[PDB]
Amino acid sequence: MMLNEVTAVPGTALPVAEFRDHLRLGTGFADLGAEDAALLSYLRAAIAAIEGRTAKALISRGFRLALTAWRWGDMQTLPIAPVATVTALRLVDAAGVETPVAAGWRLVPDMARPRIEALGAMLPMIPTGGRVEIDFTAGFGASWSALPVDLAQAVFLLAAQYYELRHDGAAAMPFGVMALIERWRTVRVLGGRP
Amino acid sequence: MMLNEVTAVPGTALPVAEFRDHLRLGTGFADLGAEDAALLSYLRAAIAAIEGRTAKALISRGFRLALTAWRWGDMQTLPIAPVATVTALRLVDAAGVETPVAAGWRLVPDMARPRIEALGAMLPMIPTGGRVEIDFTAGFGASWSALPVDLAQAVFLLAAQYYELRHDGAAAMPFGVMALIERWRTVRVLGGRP
Amino acid sequence: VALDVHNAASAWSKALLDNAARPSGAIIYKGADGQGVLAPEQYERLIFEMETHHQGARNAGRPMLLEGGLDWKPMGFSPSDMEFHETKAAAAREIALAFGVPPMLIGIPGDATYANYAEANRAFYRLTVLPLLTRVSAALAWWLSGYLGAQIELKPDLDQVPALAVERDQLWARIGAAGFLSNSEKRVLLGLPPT
Amino acid sequence: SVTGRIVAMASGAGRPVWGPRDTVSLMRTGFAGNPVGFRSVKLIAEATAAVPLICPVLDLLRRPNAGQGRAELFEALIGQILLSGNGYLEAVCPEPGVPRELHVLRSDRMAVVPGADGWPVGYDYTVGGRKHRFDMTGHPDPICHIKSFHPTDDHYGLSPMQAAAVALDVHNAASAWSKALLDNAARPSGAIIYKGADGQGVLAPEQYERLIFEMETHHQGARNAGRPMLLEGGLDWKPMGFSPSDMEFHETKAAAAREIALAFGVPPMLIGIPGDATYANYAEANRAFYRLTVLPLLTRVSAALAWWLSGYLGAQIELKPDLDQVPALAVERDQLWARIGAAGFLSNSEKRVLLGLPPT
Amino acid sequence: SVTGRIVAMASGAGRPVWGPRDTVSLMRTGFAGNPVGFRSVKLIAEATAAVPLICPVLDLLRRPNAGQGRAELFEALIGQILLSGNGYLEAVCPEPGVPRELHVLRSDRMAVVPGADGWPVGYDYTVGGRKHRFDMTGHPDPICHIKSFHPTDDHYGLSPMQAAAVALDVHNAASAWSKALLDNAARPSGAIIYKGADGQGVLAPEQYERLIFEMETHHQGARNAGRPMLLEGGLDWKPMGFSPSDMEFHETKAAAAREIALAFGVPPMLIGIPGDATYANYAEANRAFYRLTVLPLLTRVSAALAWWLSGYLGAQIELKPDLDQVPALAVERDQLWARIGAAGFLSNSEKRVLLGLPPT
Amino acid sequence: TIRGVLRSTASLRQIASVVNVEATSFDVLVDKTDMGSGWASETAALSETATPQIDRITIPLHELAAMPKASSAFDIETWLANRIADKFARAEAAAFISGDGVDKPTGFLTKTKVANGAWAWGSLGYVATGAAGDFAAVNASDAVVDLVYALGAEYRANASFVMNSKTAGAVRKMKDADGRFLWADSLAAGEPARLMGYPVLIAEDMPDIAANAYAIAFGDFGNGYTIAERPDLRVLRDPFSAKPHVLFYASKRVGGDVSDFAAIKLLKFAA
Amino acid sequence: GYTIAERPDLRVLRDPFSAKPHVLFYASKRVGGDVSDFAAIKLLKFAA
Amino acid sequence: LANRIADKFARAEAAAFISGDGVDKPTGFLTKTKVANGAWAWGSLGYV
């Protein structure tokens, strides 16, 4: 289970022109672009902070889930939660040959449990000494407008903070950064074997 | 259970002209200068914070509840609470034949526990692999004026807070944001198997 | 009432064994903040060191290093045995009380009232069986005699019923040891045809 | 009779009536599942086979069919009565009288038919989806149907396992409580808490293999029990406990293990469950076993074999338990021989006729 | 037999029926694994082999084959019945009558074939991928198949270990709980905590070898138990405990060790498990053992040898346990000889016919 | 004890020929015509007089199903079994009388009726009353009596009337020119149950008196109408599909149409 | 050279409760197999 | 139907034992990475 990203976000999909409206920089100056190189450096640093505390994705970039042994006999819950249209469960071999498999696997969409449950009571078997990478595109939407807005606000509450204080300097809201995140975190109570 | 919204708000349904009056009317600097479309972006962030803490809907948007297995035998509590009129309970199969049903169920509306509660003991079974899918319209009313005004004030107490201070800065009111929400939260005491 | 106590106290322990979440502990993970989740990379690491090295009979007592943030709070199960155990065992005796069986015959636990089954089986066929049978047989002696011409009596035997042998030893050895009265004078007492 | 004719047309004449739904699931969970429900039936069914009988016809009973002996027949017969309240015996009659085959038909796959006048006309042996439809519209009536007493039903028995069906599920799940507690439980014998300078801090994998190897070698095991364990700054050892150690549903299982033995009627002393001493010294509890739940059960089945098999003969035959040279009733035989043997007043031939002897 | 044809088709005629998969694993986990399941079968199988028999045919039973004696045969035969509910006996017949070889085929590798009329036509001894297909479509029928009673299955036995299969896994894992607790546990008898001026501070390897040598020499061991142990600034000694010391699942193991003994039917007094005194003084518990779980088992197997071996002979032979000069039944033999011996009214030859003597 | 509405029970089952059948269908075999034998001539060829053309009528043996979901004062298993047996006894009664061809037994009213006197084999014969609304005004019951005497003396050995309740009402409403109730004269009599010497079956699935409706039938239905069926009733005590509702499955299979087209005669309330 | 692992039964089961006008039998057996010893099977290629 | 299922399974798994691939069905020996004999290694089957 490695879970790397195939492609990153384009950067042009991030709302730098709206984050600048948030931070109260300035309206009609002739410069207007001295911060563009750094404002998206804090938006990518605040999304990636909330992508890890919530285990959500938010831009629907493509992922690659390269794993070897199945976690449970048939289920295989995916880590990145809001998914749609798993592309390919290409089953690599011990070395080399990569054979994509329709394989009779389904996809159960959920924000909490994005399973990949199999229908033939057993997922496609795994060549001993070989991995099973799964290409899937997981996230809310393609553009910034398709997000839940409270999670989009939690980026703006957080990336404004990184813009206003640079080093770790200490400085209570009703719905702060944390209270907006908490309905998107994963609530789990299993430490067991299954 | 994905539960994505079919359509969002139009934006013209939101009280941006009224929220400018809750921001500075009768006392203030003047009407002053506020990026109008910015003020729409804080109302959508305060509603989506109260739509999540209360599990209400507040604008009567259209929903699509596509879940695989029925939880109870017949009950199926709907999460987004103030509901009216299931659009359709179409039932897709594993291939996508999408055969709707038109009888066998009677939505029992309620602000506490909206249900589906089919007739007798038979609720439409699920094609194996073929997720069931329920389209409904949930919320109070089409315009902003049809809301309970205490819940509308919790938006204005919250959307003004996101306007007055940007980052997560520190700052116990009797009926604050939190005290106006708690009579609209869902009070549940089940952690059990049914 | 005592049936519904015994039915529901027995179903109390059934549904307690079916609806109960006891954990043998809880690995609490707070974090730097008051709240913090752990990533699914870290979470599958936490299962595999718990699945393999800590759960089960064979891993009972590993020393379990806890780094910063982690903490293990072991839970208990404070009423362990005896969920309505005596009120069930008291209601199981009041059910046996009403039908009239002694507690020794049915097999319920309880204090030794009768001694050694020569009493409790003799008490059973004298307080709740033979009074019941001599009342039903008295109704068959009268209903069935309405179909006949002559009336017939119909009573329990109260002889060669092997639970009454302690009342039969006691009555044969009393008159058998009375050597003063003659042989035919005690055959008429024990119920024998005299010779 | 007259009431029966009315009862039929309520349920439906000519159509099978099934009765109990779960009787196929109480066998796997109550007779192959727990030892107390297993031993209780095996204690009775092996007792009724051991009792001799008093009458020709018993030559059939001694050798009913191939691979199914006399004692093996009643174990199969009573083993269906205790499990599902119903006993069945198919008779194959190539010959008109005393049919030379007996077969215990299992009561999971048998169903009754009420027929016209309420008393049964059909029995349906249904395995898979395939039926047989035995016929009762004749005189020999090829199946004896032994019912346990059921007050509410008109066609089946009550099956004491159905009456103990709550106490089986307590005893099955309390015993499976302790199994899965010994299999899903993480107790540690301690925890080396390492906070650090911060509130949180990991230790490097260089330091961590040092920490395992001083714990693996010098502290765990019987041979390292009690080393003084120097703890420098930051490290700390919190020993954990295990607060419910013994006795996880120990008495509620043992009370349920007694209610299963209560329902079938075996005493707690015979089966071996723990409990307070009710019976004394096994001359009673074995005598109580062959008097409250074996010989009343055996004299009820033998009264049905005495009437069903006499329908194949011309003359009717009685068939009763021996109630003599069954060695659990020796305390009722000492007590009756020493009473009349000591009664010296009545003469010698006057007491051979009382004890059951051939007179001289 | 008339219904025999209906059940045969559902299973599938001519094809092997296996039954329980996990049968071989209950042997390794429940009979080679724990002593209670080990002793309970060995206590019974060495008891049924010791009981003499009453009939020629017993000349075969006395010397069945090479290296497998009379008593060694029934230990193998009953040892398969208690373990897997099925007993098998191959007869090899170089000679036409009374075949001079008997071999207990183990029931792990044996499978039934239902055949046409429901009663079996084939038995398959399957070792590796190799089958044999014994044939039952003949008159001598070369394998006797002794079934324990199974109500739900039509072809096998129930194997009391299967009914106690939860209580075995409790007793196997509670005993392995205390084993791995003695092998994975770090208890210290204390901890010398060294904080320092800061909240954290190590001590130098000069100071650390000083701390070992005053702990190695002057404080550890039996001979240094209780030195007054000066603690300067920074140092502190926190003595640890071990809060559950005895009794790790001690009663749930001792309760599961009785439920294993319950299912096989041995009394708790014979096997040696601790527990409340149910039976009194071994004149009862040994007599209860040879009356509830040995002699009913032996009279059921001997009744199958009385019929299978009589198929090789012309005349049918009876074969029953002796129930005389078996020295566990002496309390039932004192009680029956002193009853009739004290009955002085009936004459001398009139009680030789009761006690079983040849009259004179 | 839970109560229910008490519905009509009389069902045409007890006067029609009930045949236990086990296959998929029941084939009755009726010849359509006569032998046609003539008085022979003394000098003639005299050959091949005729032969009755036989005809197989197929009872399709359809199935009937009702599927209620079950969703300790009264016990549902016995009560719902005592309601669904009543509904299967009543819903087949409508099919026996006015059922159509599709998936259900075709009742005797749906068999292309032809006026009697021009009666052929493929139909049922009727007799007209008079005015279209009701019985004839001048002489009532003349339609009833010539309905009786326009059938055939062999089937009238055991024949019966088939009506509903409010057609027997309109029959008992018939009165003479003094108003003295031709059928059951007094107000103290009751249902005399022997109309014209023949029994009456009050089957509620018959139509009532209308402009052209065939509200009165008369016949030996033992030869006329054949009910072929299987006697049992399926009982799937289903513990699956829905945990909330048991959803018992109960089915009886039954079929039937007319076997003999001469036995049944109808009363058309028209001209 | 070839090992077959299998559950040696043909479990067959009726359940009319899935499709209610029908019976809808279901039978299942599971078998697994691969090569045990690679040095024990040779083949003929009809090429060169 | 039981006879036809038992006839069908013993032929479907017979084809699986020879030409079936690794995933979803038992793999047959003819599907495995074969090499010419003389150039034989363990991770293959030999042909001539």
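Criteria and cut-off values
- Residues numbered from 1 in each chain as written, not as in the entry; some residues may be left out.
- Chains lettered and ligands numbered in written order.
- Part of a larger assembly, values for the part shown.
- Heavy atoms only, no water.
- Residues with missing side-chain atoms left out of burial classes, pairs and counts.
- Helix = DSSP H or I, 4+ residues; strand = E, 2+ residues; numbered from the N terminus.
- Buried < 20%, exposed > 50% of the residue type's maximum accessible area, 1.4 Å probe, protein only.
- Contact = heavy atoms within 4.5 Å.
- Areas by Shrake-Rupley, 256 points an atom, 1.4 Å probe, with all protein chains shown as cover.
- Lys, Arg positive; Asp, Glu negative; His and termini not counted.
- Charge placed at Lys NZ, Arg CZ, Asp CG, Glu CD.
- Core = buried A, V, L, I, M, F, W, Y, C linked by side-chain atoms within 4.5 Å.
- Expected span 1.5 Å × (residues − 1).
- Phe/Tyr/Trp six-rings, centres within 6.5 Å; stacked < 30°, edge-to-face > 60°.
- Least-squares fit on C-alpha atoms.
- Pairing = 2+ DSSP bridges.
- Nonpolar A, V, L, I, M, F, W, Y, C, P; charged D, E, K, R; others polar.

Colleague: When you look at the overall build of chain H in this model, what are you seeing that I'm missing?
Modeller: Helices and strands together make up the secondary structure of chain H, namely one helix and two strands. When its helices and strands are written in sequence order, chain H yields α-β-β. Along the longest, intermediate and shortest principal axes, the C-alpha atoms of chain H span 50 × 20 × 10 Å. Taken over 48 residues, chain H has a buried fraction of 27%. Pairs at least 24 residues apart make up 0% of the contacts formed inside chain H by residues separated by at least 6 positions. For chain H, the accessible area works out to roughly 3,000 Å², and carbon and sulfur atoms hold 62% of it. Where the 6 positive side-chain charges of chain H centre and where its 4 negative ones centre are 4 Å apart.

Colleague: I would appreciate a short explanation of the nonpolar core in the present structure.
Modeller: One recurring pattern in soluble globular proteins: nonpolar side chains tend to sit buried together. Counting 151 residues, the largest nonpolar core has D:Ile44, D:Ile78, D:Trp308 and E:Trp308 as the members making the most contacts within it. What E:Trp308 contacts, discounting residues up to four positions off in sequence, is E:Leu89, E:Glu90, E:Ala91, E:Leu102, E:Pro140, E:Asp141, E:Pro142, E:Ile143 and E:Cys144. The next biggest cluster of nonpolar side chains, apart from the first, holds 63 residues, and it includes A:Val16, B:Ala13, B:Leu43 and B:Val177.

Colleague: Quick question: what am I supposed to make of helix α7 (residues 165-183) of chain D here?
Modeller: Since the α-helix packs 3.6 residues into each turn, any two residues three or four apart lie on the same face. Along its 19 residues, α7(D) runs 27 Å from first to last C-alpha, staying within 8% of the 27 Å computed at 1.5 Å per residue. Inspection of α7(D) places D:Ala165, D:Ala167, D:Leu168, D:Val170, D:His171, D:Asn172, D:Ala174, D:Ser175, D:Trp177, D:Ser178, D:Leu181 and D:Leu182 among the buried residues, and these make up the whole buried set.

Colleague: Got a minute to help me understand the packing of aromatic side chains in this structure?
Modeller: Aromatic rings in a pair are described by how distant their centres are and how their planes are angled relative to each other. Under the definition given, this model contains 43 aromatic pairs over all chains. Ring geometry for A:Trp144 against A:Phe156: centres 5.9 Å apart, planes inclined by 25 degrees, an arrangement best described as stacked. Here A:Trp144 is found in the loop between β6 (132-138) and α3 (149-164), whereas its partner A:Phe156 is found in helix α3, with 12 residues between them in sequence. Its relative accessible area of 11% is what places A:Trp144 among the buried residues. The class of A:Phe156 is buried, set by a relative accessible area of 6%. For the ring pair E:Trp177 and E:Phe249, a centre distance of 5.2 Å and an interplane angle of 70 degrees mean the geometry is edge-to-face. Linking E:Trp177 in helix α7 (residues 165-183) with E:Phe249 in the loop between β9 (235-238) and α9 (250-264), this pair joins segments that are 72 residues apart in sequence. An identical accessibility class is assigned to E:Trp177 and E:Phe249; each is buried.

Colleague: In this structure, what is going on with the relation of the copies chain D and chain E? I would like to understand it.
Modeller: Each of the two copies of the chain can be brought onto the other by a rotation about an axis and a shift along it. Mapping chain D onto chain E is achieved by rotating through 30 degrees and translating by 0.0 Å along the same axis, at an RMSD of 0.2 Å. Here only 12% of the contact residues of chain D are again contact residues in chain E; the copies associate through non-equivalent surfaces.

Colleague: Explain unusual backbone geometry here, please?
Modeller: The phi angle of most residues is negative, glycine excepted, and most peptide bonds adopt the trans form. Even without a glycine there, the phi angle at C:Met82 is positive, about 60 degrees. Position of C:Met82 among the secondary structure elements: in the loop between β2 (70-73) and α3 (85-99). Look at E:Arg133: it is not a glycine, yet its phi comes out positive at around 60 degrees. Residue position: E:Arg133 is located in the loop between β5 (122-125) and β6 (134-135).

Colleague: Even after reading the chapter, I still don't get the sheet that holds strand β9 (residues 214-219) of chain F, so can you show me in this structure?
Modeller: Residue and element names in this part refer to chain F. Reading across the sheet, the six strands line up as β5-β6-β13-β9-β7-β8 and stay open at both edges, with mixed pairing between neighbours. One side of each edge strand has no neighbouring strand; the edge strands of this open sheet are β5 (114-115) and β8 (200-202). Bridge count between strand β6 (residues 125-128) and strand β13 (residues 264-268): four bridges; the pairing is parallel. Across the sheet, residue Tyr126 finds its bridge partner in β13, namely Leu266.

Colleague: Explain the interface of chain D and chain E here, please?
Modeller: You'll often see interface size given as the accessible area lost when the parts meet. Every contact between the two is made by 94 residues of chain D and, on the other side, 83 residues of chain E. Residues of the side of chain D that touches chain E, tallied by class, amount to 43 nonpolar, 25 polar and 26 charged.

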